[PDB]
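In structure tokens, the next block holds one chain alone, the form deposited in one PDB entry.
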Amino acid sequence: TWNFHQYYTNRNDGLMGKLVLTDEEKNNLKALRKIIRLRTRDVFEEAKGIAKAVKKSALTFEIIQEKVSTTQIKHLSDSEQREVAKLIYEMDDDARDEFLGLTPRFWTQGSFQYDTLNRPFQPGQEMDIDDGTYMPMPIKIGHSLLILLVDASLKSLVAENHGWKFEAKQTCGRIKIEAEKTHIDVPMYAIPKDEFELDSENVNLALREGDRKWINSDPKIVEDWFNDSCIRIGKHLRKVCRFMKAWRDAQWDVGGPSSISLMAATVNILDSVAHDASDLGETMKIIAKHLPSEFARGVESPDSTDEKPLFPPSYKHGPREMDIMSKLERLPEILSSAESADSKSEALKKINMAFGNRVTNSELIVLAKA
């Protein structure tokens, strides 16, 4: 019988050592994020610079379009630029006044915010940094204008860098850097101006496509929920969540259960089942043992304003969810097979069936005390 605690927790050779980013990479992501923010604010200042000229005197739509064609907004399509000119020109004094006082704000969400960002494993997998852009508006400024300006910022940054690519997503604009295994998501929110924690009921997420242009979604709910869960459960929650995410990354090159569903399920389990934090191999064994049941009945979002769960119950499972249940069902067998191995190296080889050949030091495993 073996102990796998150091295998998990060692900050040099252990799984944690392989998953956590170095201060360098962390700073490279903060640098990329700062770049995106600076560009967004500059593009907004240029558009506001145009609109102030519109307010200061009647400017034909051609002139307004000539001014747009000289700003960073020139990195949009000709039709898109024309659209920006239209929306700026068709603004009534009121909306224009609310636009001239709009300075965008920024707040990061996701793994980079609550410290669960793993180093990617398989090719195609990249570091995900989600930096949300917030728009202090009353209650309103054009949804199309805002989306177009943030798109103009991102594309203006892509036009300055070899290897960068722009991708349009439903909830966000994205800048992809394949060569550096990195991508930055920029979701956009509308928030009450005067108020600007903050009343969730008014934090609206912008949608790119569909009949619905906005939907009430506050990321501070998930961030606070997970932080609270971390305080309540302990320091090991973040670790085992990192381990579960690494397992997901090792079993699927692309796809698998969402990180947030693994997080919610892991939290539920560590909230309802007794475990020992001084031994994360035992804890991981218990978690693996209880996860299939948690996913089978469905995983409800820690956000009650979500109509749909993070993972649906079994009677709705299709090929995808049945595949996820197959691997979730396969994990405990792997941890048990590794637990009862004949040698250190055999146990390593067996547990690396679950986390991949990332930990190579078999000396991190030890014989369990009596």
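For clarity, a rigid core is taken as the largest C-alpha set superposing within 1.5 Å between two forms. Don't overthink the numbering: it's just position in the shown sequence, from 1. Shifts are known only where both forms have a C-alpha.
What follows is about the form deposited with a small molecule bound, which we do not show.
Under a 4.5 angstroms non-hydrogen atom cutoff, the small molecule in the entry with it bound lacks residue 90 among its neighbouring residues.
Not displayed here, the small molecule is kept clear of residue 151 by more than 4.5 Å at the level of heavy atoms in the entry with it bound. Proximity of residue 38 to the small molecule in the entry with it bound falls within the 4.5 Å heavy atom cutoff. Interface membership of residue 191, defined by any non-hydrogen atom within 4.5 Å of the small molecule in the entry with it bound, is confirmed. Residues placing heavy atoms within 4.5 Å of the small molecule in the entry with it bound fall in a single listed stretch, namely 100-108, out of 227-235, 76-84, 285-293, 100-108.
200 is the sole member of 144, 161, 200, 278 with a non-hydrogen atom lying within 4.5 angstroms of the small molecule in the entry with it bound. Out of the listed residues 55, 316, 34, 330, 34 is the one that sits within 4.5 Å of the small molecule in the entry with it bound by at least one heavy atom.
Identified as moving between this form and the one not shown on the superposed core are the stretches 108-111, 197-200, each made of at least three consecutive residues whose Cα atoms shift by 2 Å or more.
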